[PDB]
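Commentary on secondary and tertiary structure
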Protein chains: 8
Amino acid sequence: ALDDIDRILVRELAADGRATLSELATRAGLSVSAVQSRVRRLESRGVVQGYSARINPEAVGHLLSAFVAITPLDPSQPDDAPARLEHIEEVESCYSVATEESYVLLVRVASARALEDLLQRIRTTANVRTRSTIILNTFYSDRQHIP
Amino acid sequence: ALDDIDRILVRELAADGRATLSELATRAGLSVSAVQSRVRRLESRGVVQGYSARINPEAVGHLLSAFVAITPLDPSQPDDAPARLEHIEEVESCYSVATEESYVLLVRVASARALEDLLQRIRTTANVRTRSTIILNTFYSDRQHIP
Amino acid sequence: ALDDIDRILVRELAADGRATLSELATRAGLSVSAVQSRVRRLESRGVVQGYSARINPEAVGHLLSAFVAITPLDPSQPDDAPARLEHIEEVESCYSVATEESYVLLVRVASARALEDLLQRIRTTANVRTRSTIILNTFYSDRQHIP
Amino acid sequence: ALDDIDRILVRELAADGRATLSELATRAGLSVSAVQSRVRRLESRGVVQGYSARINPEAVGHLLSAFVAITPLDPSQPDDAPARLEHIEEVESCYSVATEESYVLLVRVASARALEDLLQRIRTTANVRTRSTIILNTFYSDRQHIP
Amino acid sequence: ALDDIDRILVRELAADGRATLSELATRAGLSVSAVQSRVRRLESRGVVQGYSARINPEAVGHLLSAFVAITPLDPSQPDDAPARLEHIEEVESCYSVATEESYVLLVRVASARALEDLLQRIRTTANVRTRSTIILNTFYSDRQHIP
Amino acid sequence: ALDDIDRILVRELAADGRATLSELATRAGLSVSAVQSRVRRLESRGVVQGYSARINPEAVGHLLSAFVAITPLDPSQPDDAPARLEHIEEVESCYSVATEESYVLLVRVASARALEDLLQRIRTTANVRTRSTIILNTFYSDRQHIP
Amino acid sequence: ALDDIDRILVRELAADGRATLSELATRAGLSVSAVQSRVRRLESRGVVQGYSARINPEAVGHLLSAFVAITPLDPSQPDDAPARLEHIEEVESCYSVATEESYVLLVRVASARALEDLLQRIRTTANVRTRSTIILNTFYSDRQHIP
Amino acid sequence: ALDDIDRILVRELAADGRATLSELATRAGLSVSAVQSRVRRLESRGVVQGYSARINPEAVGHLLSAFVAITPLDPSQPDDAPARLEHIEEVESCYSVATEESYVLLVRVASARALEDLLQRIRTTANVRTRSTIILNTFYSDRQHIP
């Protein structure tokens, strides 16, 4: 389960991570004491994982974002590319996928010429071929849907 | 215009979006008022776009995630697609992309059968062909990097 | 022809468009009067077309450059895409080509998201499909070779 | 850092690279000394990269121009190719590019037979496969745009 | 029906098309009249198709030669293409071919720009897609072999 | 140059290699003495190279003609395939090319089964892979265009 | 079944269709009466279908043989290509196949230029795309194996 | 050399390979001796290659037929493959072919499992890679055509 008072909470917190123990308890129909517990139980069970402010990447100097799809070159070696690229800070996300390639990464970078460097570094560090698709614009990002 | 103080605030708010101002203050060597001021300006300029609990899509019943690349059936018409799909809730992100397709969506759904039904809804509301890549596993995501 | 004193002049002027009527006449082996004429004859015959300082595009805010290859969609219409895109100032160059596409344009633009707009504008204005290749770095540009 | 005055100087030098300082001065409302100073700073920072007579490649015997995309035979080695081709004179420009190939060259040559011979030289000196696109006509080029 | 005498005449006329009859006669052990007769019959049956000075395409200004394979846009229509291209003069030869394309042309032209213009003329007059292979060098050609 | 009386001569001789010193001098507007010199100067300068009668290949037993495209297998060896195949008499022509393959040969042969032999012999003698395209019909051959 | 005296007969007749009722009866171990019956029972049950002398196709003027693979163009129409091509006498064999194409035909024809005609006729008569593979040599043909 | 009489005999022997001489004689207006003579000459020259009962491959237990294209693992060695496969009995025909593969075989086998085992035997005895196309149905075969 996830009792649908727990549900109203996760919707509220997904839409506004700074929402207060206080103002939640109105919309929810509970007490500042009662709300505060569910939330701690929600963080312990792995349901809310973190609270993050959403930073605009262009404002901090990331003018090019890209999906980078990668496939290991040598199948006799352990396929450990996520772990291998983890220290690379410009990889924001790393997914395994069912398609032509094995993983998709979302990468942010200062310019077209920084991407070229990142790609070579991805390639020599994990041991992969790269294919990259450049993002032109983000129309909306992380609208978590709670069903 | 992002000075060293602003840089520090956005790193801390990326790592913890419920950082209270008193903690941010003592971390940037400012007063709580000056922090609150900086933070508000970060919000009203482009830089912090909102704050969100990072929610486990599995815990809430989204067992299948996919990327869907979409391309308009008639590309001559100025293109509507992000605005028209905005109201389908299981679409979480929408990027326009270079190369052969026009947009990539991330989508989350309860099952295989709910995915095929969503693909129909997407094909019809944006008037688009679709190419889907199921995500098998998320190794890490949203690791935002402030340089 | 192009008498190989005329040749030494075009090499000199290709390498340095600010080279003086004066200092040319040493390297060339002629008079400030004699040099000045050849040059005016070279500008009248269509040989030197202009003098331009080479501006670094990043310094003026063009952070992304791209080749954009385009092919008219309707072959019953006059193929006039160069003329049609001429007023678009971000098209720096426009070539017809023998390959998969009919023309190649070199385009410069503020960001990845400005490119997306430019592409739609190219498409609705000339009546074309677009394919774009993003430039990551210019290692050297316009080294005119005089044989 | 480009103020309004600097912007004016680079537009004028783009449109006429032999603008004399007295003309630039009266155009920016500065003294000839202040102009000369501005111009020198533009040169030593990245902004003006040199000055060139724009030469008609046909008048000097280059009747064939081509784009050549190149890709390394062994991409694992750190990539040398722009440095190694720098000394082939009929290569006019060298860009690195996203997508499937690594660089695009512009090349000018006297004839079809001289093109095949250049392709061999390129294949061997950079150790690369080549894809050529002949240019049939130049409608306009180098129209530099200062925004 | 080619006897030994006829075989000798066609070898000599292949190697020297201005062989005079007196030289051909003494070479085949015939009279000048019998030679002239044989030669006329060779002409009126299929065997000698005409006589030509072999001309250096470079000396006359054709610096670029190419093969162009062509394939009809609509292959259902009985195919016109050799008859329709017969009147484009820079087409030197026209073969129909097995495999994926329908014809191969040899074409000679003054430069890269004149090639792109010819490709347009070919695409439009025969209604065909084109695949071009530039010839870099001719090592030997027309070495006719009589077995 | 090539003075356009020289031009009328090469057109005439390209169309009819047996055209007489005599009958040329009408069409040309010169003397049997004057015509005869230009022609000898044309043969000395490399402009007319030979006179050949055009033999129909089917009439002499060449029932299959083919283009054979070839690429050396070992790039550490000297690329000398033209020289190596020169003694092979069924190779009528040998070109170097810019495309997927390095050379194109035109070959004539008694039958489909003789081609199979020729191909193996090409392969073991030069050291090459072969790709062959079979000619079904020659609609016209060697129409030299004098511009 | 097929009693293995019946088997010795079919082997014998496959190897030699002119083998006599007489000489079979030795090798087989039966009577001129007994052999003659099995054979008539073998022709009635559909086991031996015909007796044919194997004609060399080159000796009768078929200098090119080809496999021609074909696929109907319109799947709303009945797929009846075997029946439609049956009157075409140069189709020796017609098979349906599991692969990229729907049928394979073996075709024999006077020359490369007759094949081109046959192909167009196959295409307009059945309603198919064609792909042809040319036979260079038959090393052995119809060795029926009786297991 | 095939006159009208010879043409008639090969048609009749194609349609019925057990035609007795008396029937062939009265059909060609010859004596039985002259027929027997003609037939013997047809045999000793290339023209009639043998005589065969056409046997139903199904009736004798070959329920699966396939085409197998084969290509040598090392094509530099003069090619052995038809001689080496001659002794595998379930190979019925062997052609060499133009294009990408070197030979096509027709093969008949009792079942899917017997096919995989034959593919191994082929791969190993000729040292070849294989591409198989199962035959689903034979609509007509061996319809020999005498023109």
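Along each chain, numbering proceeds from 1 in written sequence order. Entry numbering may differ, and residues lacking coordinates are not shown. Following the order in which they are written, the chains are lettered starting with A and the ligands numbered starting with 1. Hydrogens and water are ignored here; the side-chain numbers use all heavy atoms of the structure. Residues with missing side-chain atoms are left out of burial classes, side-chain pairs and their counts.

Method information in the entry identifies X-ray crystallography as the source of the structure, with 4.10 Å recorded as the resolution.

Now for the overall build of chain A. Secondary structure assignment for chain A yields five helices and five strands. Helix and strand labels come from DSSP, where a helix needs a run of H or I of at least four residues and a strand needs a run of E of at least two; each type is numbered from the N terminus. Secondary structure of chain A in N-to-C order comes out as α-α-α-β-β-α-β-β-α-β. Since a compact globule built from 147 residues should have a radius of gyration of about 15 Å, the 20 Å found for chain A marks it as more spread out than a globular shape. The contact rule is simple, with two residues in contact once any of their heavy atoms fall within 4.5 Å. At a minimum sequence separation of 6, the contacts of chain A that also span at least 24 residues come to 66%. Each radius of gyration is computed over the set of C-alpha atoms, and the globule rule expresses the reference value as 2.2 Å times the number of residues to the power 0.38.

As a further point, take the UniProt feature "domain: HTH asnC-type" (unreviewed entry) in chain A. According to UniProt, the "domain: HTH asnC-type" (unreviewed entry) feature falls on residues 2-63 of chain A. Taken as a whole, residues 2-63 of chain A contains 50% helix and 13% strand, while its terminal C-alpha atoms sit 40 Å from one another. UniProt positions are given in the numbering used here, feature names are shortened, and annotations may be inferred rather than shown by experiment.

This part covers the arrangement of the chains. A gap remains between chain B and chain D, which never touch, and the nearest two C-alpha atoms on either side lie 9 Å apart. In this structure chain A stays clear of chain G, and the shortest span between their C-alpha atoms is 22 Å.

In terms of domain boundaries, chain A breaks down into domain 1 (4-44) and domain 2 (64-135). Each domain's extent was defined by an automatic or database domain assignment. Taken over C-alpha atoms, the centre of domain 1 of chain A sits 37 Å from the centre of domain 2 of chain A.

Time to look at the packing of aromatic side chains. Working definition: a ring pair exists when centres of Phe, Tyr or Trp rings (six-membered ring for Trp) sit within 6.5 Å. Plane angles under 30 degrees give stacked, over 60 give edge-to-face, the rest tilted. Applying the stated criterion across every chain, the model contains 20 aromatic pairs over all chains. Both rings, one in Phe67 of chain E and one in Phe67 of chain F, keep their centres 5.8 Å apart while their planes meet at 70 degrees; by these two values the pair is edge-to-face. Taken as a pair, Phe67 of chain E in strand β2 (residues 64-72) and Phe67 of chain F in strand β2 (residues 64-72) lie in two separate chains rather than in one. Assigned by exposure class, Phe67 of chain E and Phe67 of chain F land together as buried. On the numbers, 6.1 Å between centres and 70 degrees between planes, the contact of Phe139 of chain G with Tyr103 of chain H is edge-to-face. Accessibility here uses a 1.4 Å probe with only protein chains present; expressed as a share of the type maximum, an area under 20% marks a residue as buried, one over 50% as exposed, and anything in between as partly exposed.

What follows concerns the sheet that holds strand β5 (residues 128-140) of chain B. Sheet architecture is closed into a barrel: eight strands sit in the order β2(A)-β4(A)-β3(A)-β5(B)-β2(B)-β4(B)-β3(B)-β5(A), paired in antiparallel fashion. Strand-to-strand, the axes of this sheet are offset by a mean angle of 35 degrees, without reference to chain direction. Summarising the sheet, strand β2 (residues 64-72) of chain A and strand β5 (residues 128-140) of chain A pair through eight bridges and their orientation is antiparallel. By the bridge assignment, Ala69 of chain A is partnered in β5 of chain A with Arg131 of chain A. Axes here mean lines fitted to C-alpha atoms, for a helix over just the part in contact, with angles spanning 0 to 180 degrees between N-to-C directions. Contacting β2, β4 (103-109) and β5 of chain A, helix α5 (residues 112-125) of chain A runs over the sheet at an angle of about 140 degrees to β5 of chain A. Pairing between two strands is assigned when DSSP locates at least 2 bridges connecting them.

Moving on, we get to the side chain of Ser132 of chain G. On the secondary structure map, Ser132 of chain G appears in strand β5 (residues 128-140). Judged by its relative accessible area of 17%, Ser132 of chain G is buried.

Attention shifts here to the packing of helix α1 (residues 4-15) of chain G against helix α3 (residues 34-44) of chain G. Residue and element names in this part refer to chain G. Between α1 and α3, the least distance of the axes is 11 Å, while the angle of their chain directions is 80 degrees. Taken together, the axes of α1 and α3 lie roughly perpendicular to each other. Taking contact as the criterion, the partners of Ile5, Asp6, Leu9, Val10 and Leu13 in α1 are, on α3, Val35, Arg38, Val39, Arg41 and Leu42. When residue character is reported, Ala, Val, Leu, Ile, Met, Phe, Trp, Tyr, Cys and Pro are called nonpolar, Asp, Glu, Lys and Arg charged, and the others, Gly included, polar. The class makeup of the residues in the contact of α1 with α3 is seven nonpolar, no polar and three charged. An angle counts as roughly parallel when it lies under 35 degrees, as roughly antiparallel when it exceeds 145, as roughly perpendicular when it falls between 65 and 115, and as oblique in every other case.

Further remarks concern the relation of the copies chain C and chain D. A least-squares superposition on the C-alpha atoms brings the copies into a common frame. Screw-axis analysis of chain C against chain D gives a translation of 0.2 Å along the axis, an RMSD of 0.9 Å, and a rotation angle of 179 degrees. Overall, the copies show the geometry of a two-fold rotation axis.

With 63 residues of chain C at the interface, the matching set in chain D holds 60 residues. Counting only elements with at least two residues in the side of chain C that touches chain D, the list comes to α1 (4-15), β1 (48-55), α4 (81-85), β3 (91-98), β4 (103-109) and β5 (128-140) of chain C. Taken together, the residues of the side of chain C that touches chain D sort by class into 35 nonpolar, 18 polar and ten charged. Bridging between β3 of chain C and strand β5 (residues 128-140) of chain D involves five bridges; their strand directions are antiparallel. Residue pairing in the sheet places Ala98 of chain C in a bridge with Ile134 of chain D of β5 of chain D.

Attention now moves to the sheet that holds β4 of chain C. The antiparallel closed barrel is built from eight strands, whose spatial order is β2(C)-β4(C)-β3(C)-β5(D)-β2(D)-β4(D)-β3(D)-β5(C). The average undirected angle you get between the axes of adjacent strands in this sheet is 35 degrees. Direction of pairing for strand β3 (residues 91-97) of chain D relative to strand β4 (residues 103-109) of chain D: antiparallel, over a ladder of five bridges. When the bridges of β4 of chain D are listed, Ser96 of chain D appears paired with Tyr103 of chain D. Packed onto the sheet, helix α5 (residues 112-126) of chain E meets β3 of chain C together with β2 (64-72) and β5 of chain D and runs at close to 85 degrees relative to β5 of chain D.

Looking at the element boundaries, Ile55 of chain F is found in strand β1 (residues 48-55). Taking relative accessible area as the criterion, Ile55 of chain F reaches 7% and is therefore assigned buried. When residues no more than four places from it in sequence are discounted, the contact partners of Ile55 of chain F are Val10, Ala14, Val47, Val48, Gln49 and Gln144 of chain E together with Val60 of chain F.

Right, let's talk about the pairing of strand β4 (residues 103-109) of chain G for a bit. Residue and element names in this part refer to chain G. Counting buried positions along β4 gives seven out of seven residues, so the element sits mostly inside the fold. Looking at chain direction, strand β2 (residues 64-72) and β4 are connected through seven bridges and run antiparallel. Bridging across to β4, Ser65 finds its partner in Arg108. The turn joining strand β3 (residues 91-97) and β4, which pair antiparallel and follow one another in sequence, is formed by five residues.

Turning our attention to unusual backbone geometry. The phi angle at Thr99 of chain E is positive, at roughly 100 degrees, despite the residue not being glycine. Mapped onto the secondary structure, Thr99 of chain E falls in the loop between β3 (91-97) and β4 (103-109). Given a relative accessible area of 60%, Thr99 of chain E falls into the exposed group. Backbone geometry places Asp142 of chain H, a non-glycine residue, at a positive phi of 45 degrees. Here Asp142 of chain H is to be found in the segment after β5 (128-140).

As a further point, take the side chain of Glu116 of chain F. Mapping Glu116 of chain F onto the fold places it in helix α5 (residues 112-125). This count recognises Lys and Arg as positive and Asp and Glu as negative, with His and chain-terminal groups excluded. Salt bridges, as used here, are contacts in which a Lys or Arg side-chain nitrogen is within 4 Å of a carboxyl oxygen on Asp or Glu. One buried charge, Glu116 of chain F, has no salt-bridge partner; the nearest side chain with opposite charge is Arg113 of chain F, at 6.3 Å.

As a further point, take the environment of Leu30 of chain E. Mapped onto the elements, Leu30 of chain E comes out in the loop between α2 (21-28) and α3 (32-44). The spatial distance from the C-alpha of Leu30 of chain E to the C-alpha of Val107 of chain E is 42 Å, given a sequence separation of 77 residues.

So, about the nonpolar core. Think of a nonpolar core as a cluster: buried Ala, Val, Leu, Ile, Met, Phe, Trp, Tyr and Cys residues, connected wherever their side-chain atoms sit within 4.5 Å. Ranked by size, the top nonpolar core spans 48 residues in total, and within it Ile70, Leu85 and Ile122 of chain D together with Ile70, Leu85 and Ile122 of chain E carry the most contacts. The contact partners of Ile122 of chain E, leaving out residues within four places of it in the chain, are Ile70, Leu85, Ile88, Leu105, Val107, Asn127, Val128 and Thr130 of chain E.

With a relative accessible area of 8%, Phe67 of chain F lands in the buried category. For the pair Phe67 of chain F and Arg41 of chain F, spaced 26 residues apart in sequence, the C-alpha to C-alpha distance is 35 Å. Not counting the four nearest positions on each side in its chain, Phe67 of chain F is found in contact with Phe67, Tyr95, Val97 and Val104 of chain E together with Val104, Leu105, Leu106, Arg131, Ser132, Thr133 and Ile135 of chain F.

As a further point, take the pattern of salt bridges. Within the structure shown, the criterion is met by 76 salt bridges over all chains. Of the charged contacts in the structure, one is a salt bridge between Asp6 of chain B and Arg38 of chain B, with a shortest N-O distance of 3.0 Å. Placement of the pair is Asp6 of chain B in helix α1 (residues 4-15) and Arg38 of chain B in helix α3 (residues 32-44), with a sequence separation of 32 residues. As far as burial versus exposure is concerned, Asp6 of chain B and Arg38 of chain B are alike and both buried. Three or more residues joined by partner-sharing salt bridges are found here, namely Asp3, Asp6, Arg38 and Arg41 of chain A.

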